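**Q** Pasting a structure here, questions to come.
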Ligand SMILES: CSCC[C@H](N)C(O)(O)c1ccccn1
Ligand SMILES: [Co+2]
Ligand SMILES: [Co+2]
Ligand SMILES: [Co+2]
């Protein structure tokens with residue numbers, strides 16, 4: 001959406017805080033021996049406490065409060081009896097609405113230690129890619145600068161991006177204009193960012209695969225080659241004085 005009023009701004013900040021709090025609480029609770037359903041139950045309780053509703057449940061009839069994707073799963077994983085293990089690469093993606101307004105945020109991290117440093121590397125590079133993307137965000141700037149920055153960051157680190165997962169506008173719905181915030185540069189795109197525009201920026205950095213495919217069920221996205229993939233996602237408001245992240249707290 002485009003923010004035009006202080007009441008809209010406040011509503012976005014409220015739901016962003018709630019999603020950040022949930023994301024942080026879930027991440028802190030992720031340890032070997034917890035199941036992904038038990039982690040999802042944290043979101044259930046917190047959404048109730050804060051008067052928010054799961055966007056996956058509301059918008060998509062997704063069977064889970066949140067999306068929790070482990071190892072071979074990159075996105076849209078269904079919380080279940082799956083147990084977290086030492087060295088897992090976990091993505092927790094929290095999106096919700098309150099009073100009609102939305103936020104969307106996500107983080108990938110390594111549980112304990114993996115024997116392969118590549119798991120942490122993709123996380124480190126996803127973080128850098130996010131930072132580099134938002135350093136580009138201002139009214140009048142090209143949307144495509146975001147994907148250009150993300151892919152350049154990946155290349156600087158000998159990594160790839162997931163080309164077929166994107167960010168998106170957010171605000172009155174989970175997904176709205178701009179339709180797609182790519183992870184790479186499209187030289188033909190003339191779309192600009194504008195003052196008050198709200199978008200979810202979510203680089204996906206991969207150790208090998210450049211795309212995801214349908215996974216073990218009708219929701220999860222995976223890589224057949226079991227690439228290590230990390231996401232960092234925030235909801236961002238484009239302002240004259242710099243990007244405001246509703247989901248950073
Ligand atoms: C209601 S379904 C949840 C969608 C998710 N929060 C996402 O928009 O960030 C996303 C994640 C992965 C790929 C694309 N989009
Ligand atoms: Co998300
Ligand atoms: Co999405
Ligand atoms: Co998103």
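**Q** Only one of 81, 98 is more than 16 Å from ligand 1 (Cβ to nearest atom), under 24 Å from residue 61 (Cα atoms) and touching a helix residue (DSSP H, G or I) at 6+ places or on another chain (Cβ under 8 Å); which? Please lay out each step first, then the result.
**A** Values: 98 fails: more than 16 Å from ligand 1 (Cβ to nearest atom).
Matching residue, one of 81, 98: 81.
**Q** Can you name every residue in region 120-142 that is touching a residue at least 60 places away in the same chain (Cβ under 8 Å) and either crowded, with 19+ Cβ neighbours inside 10 Å or under 15 Å from residue 200 (Cα atoms) (or both)?
**A** 122, 123, 125, 126, 127, 129, 130, 133, 134, 137, 138
Each row is one residue, and each column tells you yes or no for (1) within 14 Å of ligand 1 (Cβ to nearest atom); (2) surrounded by 18 or more Cβ atoms within 10 Å (Cβ to Cβ).
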| position | (1), (2) |
| --- | --- |
| 145 | no, yes |
| 162 | yes, yes |
| 179 | yes, no |
| 186 | no, no |
| 191 | no, no |
| 194 | no, no |
| 225 | no, no |
| 231 | yes, yes |
| 238 | no, yes |
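**Q** Does region 153-186 hold any residues that are in contact (Cβ under 8 Å) with a residue 24 or more places away in the chain and assigned to a helix (DSSP H, G or I), and which are they?
**A** 153, 154
Taken together, the values in this text are just the output of simple stated rules run on the coordinates, not laboratory data. Virtual Cβ from ideal backbone geometry, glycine too; neighbours counted across all protein chains shown.
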